[PDB]
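Undergrad: Quick one: this structure, given as structure tokens, is what I'll be asking you about.
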Amino acid sequence: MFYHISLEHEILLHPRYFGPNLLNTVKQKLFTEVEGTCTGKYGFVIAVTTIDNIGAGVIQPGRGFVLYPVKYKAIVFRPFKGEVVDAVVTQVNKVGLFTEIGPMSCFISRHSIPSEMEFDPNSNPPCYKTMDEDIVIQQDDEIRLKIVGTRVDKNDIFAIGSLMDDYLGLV
Amino acid sequence: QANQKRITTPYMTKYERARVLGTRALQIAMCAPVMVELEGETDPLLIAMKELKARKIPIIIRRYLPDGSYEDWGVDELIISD
Amino acid sequence: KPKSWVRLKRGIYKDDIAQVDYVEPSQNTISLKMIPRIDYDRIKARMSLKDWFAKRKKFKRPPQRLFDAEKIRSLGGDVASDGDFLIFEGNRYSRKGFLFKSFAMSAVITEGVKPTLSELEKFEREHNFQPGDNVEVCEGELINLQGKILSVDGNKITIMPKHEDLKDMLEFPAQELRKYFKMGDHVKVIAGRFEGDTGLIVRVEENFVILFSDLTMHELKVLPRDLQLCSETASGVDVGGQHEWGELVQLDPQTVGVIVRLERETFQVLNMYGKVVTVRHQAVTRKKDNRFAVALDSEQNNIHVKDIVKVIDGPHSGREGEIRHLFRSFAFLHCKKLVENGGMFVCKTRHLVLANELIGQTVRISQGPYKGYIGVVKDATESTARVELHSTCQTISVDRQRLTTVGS
Amino acid sequence: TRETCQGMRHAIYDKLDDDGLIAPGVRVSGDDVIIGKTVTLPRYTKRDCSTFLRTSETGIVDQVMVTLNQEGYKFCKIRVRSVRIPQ
Amino acid sequence: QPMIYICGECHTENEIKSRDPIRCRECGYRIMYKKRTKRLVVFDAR
Amino acid sequence: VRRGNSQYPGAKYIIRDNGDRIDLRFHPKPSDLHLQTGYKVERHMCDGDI
Ligand SMILES: [Zn+2]
């Protein structure tokens, strides 16, 4: 789920940039720092919209650097358990289906698929299908999935989804 | 402690002088842009002393009161005796 | 007790794990079944046991291997059969290969003895409850209640579970206590087919929990009791310190790689070419790291290790990493933001871009203000030397053009 | 020798004679070996445990005495002389 | 190779081999002294 | 740094921004005598030092 939240980050500055363009290099470093990161407490950080304020930096004794507390408003994508979201199928195989929700990637286990669906190794594009073949999900399809779990890996949370509930299928 | 009425001494203390000169010298040594004409000067401490006499050190002294508040003084707003 | 693991104090069988067969307190001797230690070279040369003991001082003890009757037949040794057991050199050997022998109780060790898992394999109730784990009450009046393991004990754990909307703590023993977890939550397996692994459970069957390993998208079913809940990530610490994370290794002389992932049995070592190949612990042998080296780059500037560089070209594009190992035409980069390959990848060196013979000899100073003095050269560069003077208690620096070595 | 013994400092050992001892009349400086001694391990099979001249001192070997101690082990004493000019 | 030592009592030079115990072959004395070096010794006369 | 640790008004170490110390006693390869702006040189104490 995408969110707009205000966060705070302290950027260290080498005395090299104690020049007229200091405030600009401060925000440039903030952008380079926070953008693209992921955290369990706040989820993925998609982009930095604005900078609310730059605090007065401090000179740390002995060290040359100056530290600035930079409060900033950013876009974050945090999923949740029990949440229905759209996803994009990117690879389909016999084991299951692999989808993407923004930066996150999801894998749908056989126990999360309705009993009508059955694995078919014989098909050239592997896919999930039932005998009626009313609904067919293949690569690049749009699906609606329920998030069942959250697992954080190397500062990168990954989620497992589900489509087992009613009305969750290719629309 | 609104800087409208700063109640601490308008003179830079000897401790403030010592620490400001040292901190600015370290900054110069780390290629911080200089604020005065260096004509034939190379030692970072001597350059920092020149900047102090010129009232050009880009540093603010934050003086904490016992009560917990503080006052911010630009290094150029203080009287330098020694 | 019968069928117990013990060890030996002295003798040629010392430091050998053994299993008890029978104990006779009256005779002060016990029977231990263990792996025989027999030397095949001795059988080939047909040496007497007494002669082996006479010259035992400089003779190495044989290793541990399962007894084979066919092997001795080829070597010419005599093998006798006595029912299930086999008699060889006045000792009874089992058909499987285990050696049955009797030894004094005093020599045998019966306290503080603990076999290893590897040892048990050759010879071939418990509970796992830790603080911070959710447990259920399978049996008893209060059923279908999940509580946290506040305390721990041995046979009778006597945990103080905290159930939902229940501030008070109850009392339950080990047998009544059961390990249960909810769907879609982290779970860790201390013991199992693939121990030390983490995954998420899509469902919880009554006795066959199903989880998916992060290592590979494959099912892993283990007993729920063996399962545990742990928000902490899987450490994956190696056993015995054979290697270390981010360490260069020489799988083959031409190809050199860095181990990026550590597992219980397999290894995922990243080679120079950038692909991922799986290997075992024994096969991979360590290689020293080039603490100093040289290379080349597109900019035609010197590059050393531990320098920040940008991959402007090559397999990767717009990628930043820190060099950890260097090769003639390859270099290993490090990072912390990269999920793939444990944060470590490899790119070509060129594609990367910037982002003594006189020592100890005796010399006569032949020119200058110290002419005539004599000394021993303690250190010499290509132009200047340090000469300890025989007469002045001082070591001086002298231009090498002012020295002549004194010959014997 | 550096092939067999392991813990050898970077000090030269060429001032020693074949008996492992320096000879009288040799100039010595701080961190110079004067008694070469190795202990066999339980760069292989030998650990250097040589005696070095005290750091910052210098002189000339005055005399070298070799004996057996009470328990019959070989035993050496080395006297180093240093001329001191008042300063 | 020779390793000549001087006996402390009878002043007799005599060969000694490493691992050979210290003992004068003439008088049996157990204290011996090494001979002066053959290296070049040069002093300023100051 | 060219003078090294043996000619008195010389230097003993080069410390690079990476933090690795280059010992100028065990005379190292001339490529390791290279100085750039980030580095520091542990020079011998000289006249006028405080
Ligand atoms: Zn004698």
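Each chain in the structure tokens gets a letter, A, B and so on, in the order shown; residues start at 1 in every chain, and ligands are counted from 1 in the order they appear.
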With only C-alpha atoms and all ligand atoms counted, collect every polymer residue having an atom within 10 Å of ligand 1; state the result as a short mmCIF file (atom, residue, chain, number, x, y, z; two decimals) with N, CA, C and O atoms, in the first residue's frame.

TA:
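Below is the file result-v2.cif, written as the result:
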data_model
loop_
_atom_site.label_atom_id
_atom_site.label_comp_id
_atom_site.auth_asym_id
_atom_site.auth_seq_id
_atom_site.Cartn_x
_atom_site.Cartn_y
_atom_site.Cartn_z
N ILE E 6 88.96 -21.49 24.29
CA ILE E 6 90.11 -21.46 25.19
C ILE E 6 89.67 -21.96 26.55
O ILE E 6 88.64 -21.51 27.08
N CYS E 7 90.43 -22.88 27.13
CA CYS E 7 90.14 -23.36 28.47
C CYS E 7 90.45 -22.27 29.49
O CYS E 7 91.45 -21.57 29.40
N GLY E 8 89.57 -22.15 30.49
CA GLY E 8 89.75 -21.13 31.50
C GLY E 8 90.88 -21.42 32.47
O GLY E 8 91.38 -20.50 33.12
N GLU E 9 91.30 -22.68 32.58
CA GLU E 9 92.35 -23.05 33.52
C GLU E 9 93.70 -23.22 32.85
O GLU E 9 94.66 -22.52 33.17
N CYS E 10 93.79 -24.16 31.91
CA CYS E 10 95.05 -24.49 31.28
C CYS E 10 95.32 -23.69 30.02
O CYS E 10 96.40 -23.82 29.44
N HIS E 11 94.37 -22.86 29.58
CA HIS E 11 94.57 -21.93 28.47
C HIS E 11 94.83 -22.66 27.16
O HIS E 11 95.47 -22.13 26.26
N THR E 12 94.32 -23.88 27.05
CA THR E 12 94.51 -24.71 25.88
C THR E 12 93.36 -24.52 24.90
O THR E 12 92.20 -24.65 25.27
N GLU E 13 93.70 -24.21 23.65
CA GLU E 13 92.70 -24.22 22.60
C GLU E 13 92.23 -25.64 22.35
O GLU E 13 93.02 -26.59 22.42
N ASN E 14 90.95 -25.81 22.06
CA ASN E 14 90.49 -27.14 21.70
C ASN E 14 89.16 -27.07 20.98
O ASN E 14 88.32 -26.23 21.29
N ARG E 23 83.96 -29.24 27.95
CA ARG E 23 84.97 -29.84 28.81
C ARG E 23 86.33 -29.76 28.14
O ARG E 23 86.48 -30.15 26.98
N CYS E 24 87.33 -29.25 28.85
CA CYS E 24 88.68 -29.20 28.31
C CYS E 24 89.22 -30.61 28.14
O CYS E 24 89.19 -31.41 29.08
N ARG E 25 89.74 -30.91 26.95
CA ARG E 25 90.27 -32.24 26.70
C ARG E 25 91.52 -32.51 27.53
O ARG E 25 91.83 -33.67 27.80
N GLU E 26 92.24 -31.46 27.93
CA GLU E 26 93.45 -31.66 28.73
C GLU E 26 93.14 -31.83 30.21
O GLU E 26 93.42 -32.88 30.79
N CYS E 27 92.55 -30.81 30.83
CA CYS E 27 92.41 -30.77 32.28
C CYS E 27 90.99 -30.99 32.76
O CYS E 27 90.77 -31.07 33.97
N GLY E 28 90.02 -31.08 31.86
CA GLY E 28 88.66 -31.36 32.27
C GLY E 28 87.89 -30.17 32.82
O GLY E 28 86.78 -30.35 33.33
N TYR E 29 88.45 -28.97 32.74
CA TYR E 29 87.76 -27.78 33.20
C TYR E 29 86.50 -27.54 32.36
O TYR E 29 86.46 -27.85 31.17
N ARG E 30 85.47 -26.99 33.00
CA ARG E 30 84.18 -26.83 32.35
C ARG E 30 83.87 -25.40 31.93
O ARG E 30 82.73 -25.13 31.54
N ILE E 31 84.83 -24.49 31.99
CA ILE E 31 84.62 -23.10 31.59
C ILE E 31 85.56 -22.78 30.44
O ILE E 31 86.78 -22.90 30.58
N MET E 32 85.00 -22.33 29.33
CA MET E 32 85.78 -22.01 28.14
C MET E 32 85.34 -20.67 27.58
O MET E 32 84.20 -20.24 27.80
#

Undergrad: Counting only C-alpha atoms, collect the residues of chain A whose closest atom lies at most 8 Å from chain B, and write them out as a list in words.

TA: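 Per the criterion, chain A yields residues 14, 15, 16, 17, 18, 19, 61, 62 and 64 of chain A.
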
Undergrad: For a test of reading the model, state the distance in Å between CA of residue 377 (chain C) and CA of residue 363 (chain C), rounded to one decimal.

TA: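 Computing the Euclidean distance for CA of residue 377 (chain C) and CA of residue 363 (chain C) yields 7.0 Å.
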
Undergrad: Can you tell me, as a PyMOL selection string, which residues in region 109-296 of chain C count as strand (DSSP E or B) by DSSP?

TA: chain C and resi 109+134-137+146-148+159+172+177-179+186-189+197-204+209-213+219-222+227-228+247-249+257-262+266-271+276-280+286

Undergrad: If we count only C-alpha atoms, what is near region 386-401 of chain C at a cut-off of 10 Å, once residues fewer than 3 positions away on the same chain are taken out, given as an MDAnalysis selection string?

TA: (chainID C and resid 358:368 370 373:383 404) or (chainID D and resid 25:29 57:60 82:84) or (chainID E and resid 40:46) or (chainID F and resid 6:7)

Undergrad: Could you list, as JSON, numbers by chain, the residues of chain F having an atom within 10 Å of chain C when counting only C-alpha atoms?

TA: {"F": [6, 7, 17, 18, 19, 20, 25, 26, 27, 31]}

Undergrad: What's around residue 46 (chain F) at 9 Å? Count only C-alpha atoms, leave out sequence neighbours fewer than 3 positions away in its own chain, and write the answer as an NGL selection string.

TA: :F and (9 or 43 or 49)

Undergrad: Counting only C-alpha atoms, what are the residues of chain E within 7 Å of chain D, and for each of them which pair of atoms is the nearest and at what distance in Å, to one decimal? Sort the table by chain and rising number, as JSON lines.

TA:
{"residue": "E:1", "atom": "CA", "partner": "D:18", "partner_atom": "CA", "distance": 6.9}
{"residue": "E:18", "atom": "CA", "partner": "D:19", "partner_atom": "CA", "distance": 6.0}
{"residue": "E:22", "atom": "CA", "partner": "D:67", "partner_atom": "CA", "distance": 5.8}
{"residue": "E:30", "atom": "CA", "partner": "D:67", "partner_atom": "CA", "distance": 5.7}
{"residue": "E:31", "atom": "CA", "partner": "D:67", "partner_atom": "CA", "distance": 4.9}
{"residue": "E:32", "atom": "CA", "partner": "D:66", "partner_atom": "CA", "distance": 5.4}
{"residue": "E:33", "atom": "CA", "partner": "D:65", "partner_atom": "CA", "distance": 4.6}
{"residue": "E:34", "atom": "CA", "partner": "D:64", "partner_atom": "CA", "distance": 5.5}
{"residue": "E:35", "atom": "CA", "partner": "D:24", "partner_atom": "CA", "distance": 6.8}
{"residue": "E:36", "atom": "CA", "partner": "D:24", "partner_atom": "CA", "distance": 4.9}
{"residue": "E:37", "atom": "CA", "partner": "D:23", "partner_atom": "CA", "distance": 5.5}
